[PDB]
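We use all heavy atoms of the structure for the numbers below, so side chains are in, but hydrogens, waters and symmetry mates are not. Remember, it's 1-based here, ligands and their atoms both numbered in the order they're listed. Just so you know, residue 1 is the first one in the sequence shown, and it goes up from there.
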Amino acid sequence: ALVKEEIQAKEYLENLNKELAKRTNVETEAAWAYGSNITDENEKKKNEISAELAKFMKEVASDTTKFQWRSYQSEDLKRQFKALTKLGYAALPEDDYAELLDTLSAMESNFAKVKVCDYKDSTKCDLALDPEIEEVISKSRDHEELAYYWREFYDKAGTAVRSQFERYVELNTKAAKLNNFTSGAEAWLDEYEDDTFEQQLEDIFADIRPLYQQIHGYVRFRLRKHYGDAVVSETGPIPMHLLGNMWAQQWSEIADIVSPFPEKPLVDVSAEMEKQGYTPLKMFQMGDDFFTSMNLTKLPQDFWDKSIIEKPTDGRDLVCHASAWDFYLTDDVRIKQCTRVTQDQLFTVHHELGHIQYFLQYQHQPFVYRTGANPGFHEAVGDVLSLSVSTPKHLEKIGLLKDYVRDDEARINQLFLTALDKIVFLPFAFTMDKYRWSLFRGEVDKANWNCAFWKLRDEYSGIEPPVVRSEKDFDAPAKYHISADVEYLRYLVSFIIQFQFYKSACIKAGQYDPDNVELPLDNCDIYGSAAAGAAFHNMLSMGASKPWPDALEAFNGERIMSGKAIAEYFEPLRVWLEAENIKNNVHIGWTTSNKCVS
Ligand SMILES: *[C@@H]1O[C@H](CO)[C@@H](O[C@@H]2O[C@H](CO)[C@@H](O[C@@H]3O[C@H](CO[C@H]4O[C@H](CO)[C@@H](O)[C@H](O)[C@@H]4O)[C@@H](O)[C@H](O[C@H]4O[C@H](CO[C@@H]5O[C@H](CO)[C@@H](O)[C@H](O)[C@@H]5O)[C@@H](O)[C@H](O)[C@@H]4O)[C@@H]3O)[C@H](O)[C@H]2NC(C)=O)[C@H](O)[C@H]1NC(C)=O
Ligand SMILES: CC(=O)N[C@@H](CC(=O)O)C(=O)N[C@@H](Cc1ccccc1)P(=O)(O)C[C@@H](C)C(=O)N[C@@H](C)C(N)=O
Ligand SMILES: *[C@@H]1O[C@H](CO)[C@@H](O)[C@H](O)[C@H]1NC(C)=O
Ligand SMILES: *[C@@H]1O[C@H](CO)[C@@H](O)[C@H](O)[C@H]1NC(C)=O
Ligand SMILES: [Zn+2]
């Protein structure tokens, strides 16, 4: 009978969760070893342990059918059993699962090993993306130099992996269907537990898109003054290599060229960090201080002992894209980051530390619940603090910003600088998954896969490649998360909800009042705020024990993902920008790109 079975099921879950945490520990150590040190031997070891855990999860999913779990009284036990039925890739036949794993590692190791020749010295052929190629893209204003690096990089990180990528789409689809999702798109969307999730994101994106078009128009206008009309046209998509980032996903590296008031301060503290003798270790201690300042949890010793916080000196291959790692024990959490002493890197340290914090906050939950309320909550945590750290308020406290006068013009420069990261990214992130979803769904023929990518980047972001591409190229895997099979919607969701969290944390801190000119949202510093830290503790400590609207509610009492907060933060910029574009007769919008030949 059911009453007795439900008591037995509770003990069954308590043991199984512990066993899964322990088996996942072993798989995570192998994945960490390989990401830290890419070799044939560590590849084998990573993929072999994974295959062994996949076999066990098949057994678990089969054993869940012995329990009448859908008939139980406890919503909590039913939620745990539902989590165990979800096998993902482990639903695949043994041989197909091993093949998918060898595919994933071939792509991610391809990405991690790309090197290109110096533009000025064809003899020097060891420039990696991080840091050598990113340094040119962020700093050079030689448009031909920029196009050279763009093309070398995309050809090596994108095109070289087309056949592996094709086989990955096939096996990802096969797995999704063994789980009875229509495709990998639906499997990814299942993490949000909301069957109107895509529509909700279309609606929010539609509300913020007019602001994006204004920033896009003003930036193109400023780039025409800098490079001239032979390089940038008034009416076409912006050539992406001029935007200071290899994927044009954030434009803040060109702020010194597009800032609304060039004779007024523009915050860039990298040179003061270097002058003060900052190191990667100090930036991480800094991040640690900020979370502890809010009454949140200090980094444990294993973090300091076992983290990799600067790029190795030896000549060994590895993955430099930054990552944060839960080993599913107690306090065994770590970061691997190729720390560089720059303003943007100070934000990236706090982003990674936000994941680590959420690990420490939920580590007492059963293993199935030790993950974010939805993937976007995991990405938002550290960005709430980064939003605070980026303020002239904070940066003056830590001595990194000197002789700053925050008048109306400086305020516009700062809001615009923030927008070049936070608003510009929204169409970018949406397209990373609209592209992969349309491949997963079978909506694009293989003959049209490259131009389908560039057509989305054009339609949504109004950017295009520096040179003509065709179906002979394959550019999408040139983005880390596409080669590494990491879902990207979590970041679009994060960039919307991180404003809901920031606004609420600022109000709780006494740092934001919409009716007080002295407390504007865009200069709020939540450093030292126990009240903001309490709201974080209340939410993060839940892990995935409840549907995410319950976790949002634990933070601020709301249950709805909403673009109200991000619009409120940027509303002074919107008013100023619309007027400035009219004042300057700035053309808005763009004609269809000519850069991808079908
Ligand atoms: C994705 O969707 C798939 C369907 O598209 C689904 O696959 C189905 O899963 C069913 C298992 O739930 C499975 O059902 C069994 O069918 C057996 C015989 O089927 C054969 O002939 C089929 C068609 O006629 C062929 O296509 C198959 O390949 C088969 O070879 C039945 O013998 C079997 O029965 C037993 O179990 C039922 C269920 O019992 C439940 O639990 C308790 C037990 O305590 C019951 O009292 C309770 O009420 C509940 O019924 C018993 O009632 C019965 O007495 C037997 O013990 C069962 O019906 C089905 O065959 C299978 N395929 C298809 C095409 O239908 C996948 O599981 C889905 N995947 C995921 C991950 O969700
Ligand atoms: C082991 C793991 O999945 N860790 C996650 C954090 C988590 O979800 O628990 C993580 O490191 N996630 C990192 C990306 C990554 C994802 C998957 C594997 C390897 C790396 P990140 O989000 O912290 C990296 C960060 C610099 C990032 O990618 N930001 C976006 C906006 C970008 N495109 O740069
Ligand atoms: C990298 O892995 C190899 C074997 O794959 C191992 O011998 C070596 O010690 C590792 N290198 C470093 C620097 O850890
Ligand atoms: C610090 O956090 C704990 C809970 O982790 C709480 O009990 C304590 O009262 C908090 N401190 C302050 C100053 O609110
Ligand atoms: Zn992240």
request  = Could you find the nearest protein heavy atom to atom 13 (C) of ligand 4 and give me its residue, atom name and distance?
outcome  = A530 CB, 3.9 Å
query = Right, does atom 11 (N) of ligand 4 have protein non-hydrogen atoms nearer than 4.0 Å?
reply = yes
Exercise check, heavy-atom protein proximity under 4.0 Å to atom 24 (O) of ligand 1 = no
query = Under 3.5 Å, is there a donor-acceptor pair between the side chain of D288 and the main chain of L299?
reply = yes
message = Is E352 close enough to the Zn ion (ligand 5) that one of its N, O or S atoms comes in under 2.8 Å?
response = no
inquiry  = Counting the benzene-type ring for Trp, do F111 and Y480 have ring centres under 6.0 Å apart?
reply    = yes
query = Between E487 and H481, does any side-chain donor sit less than 3.5 Å from a side-chain acceptor?
reply = no
task = Flag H378 as yes if one of its N/O/S atoms falls below 2.8 Å of the Zn ion (ligand 5), otherwise no.
result = no
query = Under the 3.5 angstrom rule, does the side chain of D421 hit a backbone N or O of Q250 as a donor-acceptor pair?
reply = no
task = Specify the protein heavy atom at minimum distance from atom 71 (C) of ligand 1: its residue, its atom name, and the distance to 0.1 Å.
result = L178 O, 3.9 Å
ask   = Hey, which N, O or S atom on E379 ends up closest to the Zn ion (ligand 5)?
value = OE1
key: Numbering as shown, the atoms of ligand 1 that approach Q68 to under 4.0 Å (heavy-atom distance)   = 41 (O), 42 (C), 44 (O)
query = Using 30° and 60° as the class limits, which term best fits the ring planes of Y569 and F499: parallel, tilted or perpendicular?
reply = perpendicular
remark   = Vertex the Zn ion (ligand 5), ends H351/NE2 and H355/NE2: angle to nearest 10° comes to 110°
message = Check whether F430 forms a cation-pi arrangement with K434 (NZ or CZ under 6.0 Å from the six-membered ring centre, at most 45° off the ring normal).
response = yes
request  = Please check if the side chain of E5 supplies one atom and the backbone of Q68 the other of a donor-acceptor pair under 3.5 Å.
outcome  = yes
task = Scan the protein's non-hydrogen atoms and note whether one is under 4.0 Å from atom 2 (O) of ligand 1.
result = yes
ask   = Who's the nearest protein heavy-atom neighbour of atom 72 (O) of ligand 1, and how far?
value = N180 ND2, 3.6 Å
ask   = Is atom 45 (C) of ligand 1 less than 4.0 angstrom from some protein heavy atom?
value = no
ask   = Is atom 69 (N) of ligand 1 in close reach of the protein, with a heavy atom under 4.0 Å away?
value = yes
ask   = Is the backbone N or O of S183 less than 3.5 Å from a side-chain atom of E186, with the two atoms forming a donor-acceptor pair by type?
value = yes
query = Short check: is a protein heavy atom less than 4.0 Å from atom 2 (O) of ligand 4?
reply = yes
message = For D383 and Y502, which I'm curious about, is there any donor-acceptor pair between the side chains at under 3.5 Å?
response = no
query = Does any N or O atom in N295 lie less than 3.5 angstrom from one in ligand 4, N or O only?
reply = yes
key: N/O donor-acceptor pair under 3.5 Å between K82 side chain and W69 backbone   = no
query = Nearest protein heavy atom to atom 61 (C) of ligand 1: under 4.0 Å?
reply = no
query = Can any side-chain N or O of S541 pair as donor or acceptor with the backbone N or O of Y362 at less than 3.5 Å?
reply = no
key: atom 8 (C) of ligand 1 touched by protein (heavy atom, under 4.0 Å)   = no
